[PDB]
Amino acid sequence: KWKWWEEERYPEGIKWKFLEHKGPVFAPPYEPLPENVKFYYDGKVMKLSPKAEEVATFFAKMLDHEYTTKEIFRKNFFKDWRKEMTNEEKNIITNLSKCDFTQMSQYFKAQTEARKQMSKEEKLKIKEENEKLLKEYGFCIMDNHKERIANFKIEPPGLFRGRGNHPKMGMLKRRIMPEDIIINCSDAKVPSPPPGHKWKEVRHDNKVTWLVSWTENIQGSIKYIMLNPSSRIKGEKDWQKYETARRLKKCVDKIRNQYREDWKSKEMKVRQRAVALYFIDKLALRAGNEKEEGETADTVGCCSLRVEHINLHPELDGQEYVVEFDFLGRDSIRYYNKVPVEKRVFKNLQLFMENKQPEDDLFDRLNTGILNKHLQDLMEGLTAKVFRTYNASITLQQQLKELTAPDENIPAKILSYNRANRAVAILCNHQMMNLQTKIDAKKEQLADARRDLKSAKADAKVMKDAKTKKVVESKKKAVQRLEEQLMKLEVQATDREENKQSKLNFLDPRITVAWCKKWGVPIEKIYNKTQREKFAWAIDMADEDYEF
């Protein structure tokens, strides 16, 4: 059981009518280091204050990671650690390199190993304590039901792990108290703050979806506590997301033949945005918001391209005209491509590239803000991200219908599905030998069992009784079980091998549901509980003849 797609449209603007919960689970108080776990600075044994010893542990735990080998990290870490230090220590500890965490490191490594092998009997209780935490704070009451909360556990204090070349990595993540926690609820039983505390602010805003919010010290940005992907306040928007990408599917031809004329505009921004959009569409390039310089890791999207991320080569690789992309994309993923394009864009690109130093914005007089405004102008609620959802649902849908072999069995049909998924990861780009010794092992185990039926075949030929035919048939199914078993490992092998370098985000699930249904493939084999619990609506309201 669960709503809700069989439900009556909540209007825009209203998120909920009733909202009540039990607040966020804070990080358990810091347990001070045991006596025989010491920290020496310069070989000199030291016992740090609890606030300083806390931070020390953070580094002690990552004393086996690449992060702690990098300057930016170590530079930011110490400075912040210096702040959590009493005048006593402050004066003494002047540099990080002189500190010795190796003992504290070994300790938590022991702790981890110790918790790796505890009495199974007790393990159940940590799964129990966990479960009770789930039962008590993991759920909430929105409107008329008990929807699950996603990240009900507050963010523990640690060391900010900046992906890529982040000038902030290593900085101290403060322990968030209730005095920082903002609460959202409706007529609801306000959750009491931990004995002796007070919330930052208890507000009732039904124009947003979050339950708890606080500002993080590292970037100031606000962190939210939201509901499970299975919830309606999330599903409603997910079902709507793909529908918007389906709305686009219609007028895509109009929009395509539209921005193709916008290349001839008597205005820069228009002539510019048209080229930008051409990329977002053709290469599933992300919008590309303007980042803070020196406050974040420097990456770029489509709008935020600089002239140094591209190069134009009239003739290259023999065709024609080529645009060489080279830049770091999202989670510092380096995007590098030479893309043969139309002449109009080539000529248009060079125009945006006269009298400018590499450090200048390629698409100036242009930003995501404008580009998206122009988008919700043509089609309702249309944005840049939508284009990727369309491009690679459509592509998946087409891939299976041309990969899936109608007459094959389940495991072989399952691989057809996975194979399509790999092909989908081509436009967006990407996201043994112990096996063969069990494959080849059972490969003979099959022929040496097909041999039983071989000799049992000659039995019935001249002994045409009946109980003999029962033995012949009992080896037939025995060979089939090995025929089955084999194909499962033969599939796994080529599958695992195929994979070298969207499933959770850009793919309309309904596409899969319709495929799974028409080819009689149980959804359990394609989706785990995480997946079908969230894709509940699509698993339900999708006939075998659904097309994007």
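Each residue number is its position in the shown sequence, starting from 1.
K.L.:
None, 1 to 3, 4 to 9, or 10 or more: how many residues of the deposited sequence lack coordinates between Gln501 and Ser502?
P.N.:
Unmodelled stretch: 4 to 9 residues.
K.L.:
According to the entry, how many residues of the deposited sequence fall between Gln350 and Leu351 and are not modelled? Options: none, 1 to 3, 4 to 9, 10 or more.
P.N.:
Nothing is missing.
K.L.:
Between 524 to 532 and 5 to 13, which has the larger average Cα B-factor in the PDB entry?
P.N.:
Averaging CA B-factors over each stretch, the winner is 524 to 532.
K.L.:
What stretch has the higher average Cα B-factor here, 449 to 457 or 278 to 286?
P.N.:
Mean CA B-factor is higher for 449 to 457.
K.L.:
Name the residue from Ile126, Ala188, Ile182, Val424 with the greatest C-alpha temperature factor listed in the entry.
P.N.:
Answer, based on the entry's C-alpha B-factors: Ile126.
K.L.:
In terms of CA temperature factor as recorded, identify the highest of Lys467, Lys135, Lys153, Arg330.
P.N.:
Of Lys467, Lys135, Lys153, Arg330, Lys467 has the highest C-alpha B-factor.
K.L.:
Classify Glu308 as lowest, middle or highest third according to the C-alpha B-factor given in the PDB entry, relative to its own chain.
P.N.:
Its C-alpha B-factor belongs to the lowest third of this chain's values.
K.L.:
Where does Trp515 sit by CA temperature factor within its chain: lowest, middle or highest third?
P.N.:
Middle third, going by the recorded CA B-factors of the chain.
K.L.:
Using the temperature factors of the C-alpha atoms in this entry, rank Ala405 within its chain: lowest, middle or highest third.
P.N.:
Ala405: CA B-factor falls in the highest third of its chain.
K.L.:
If you rank the chain by CA B-factor, which third does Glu497 end up in: lowest, middle or highest?
P.N.:
Highest third.
K.L.:
Going by what the PDB entry lists, where does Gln219 fall on CA B-factor within its chain: lowest, middle or highest third?
P.N.:
Lowest third.
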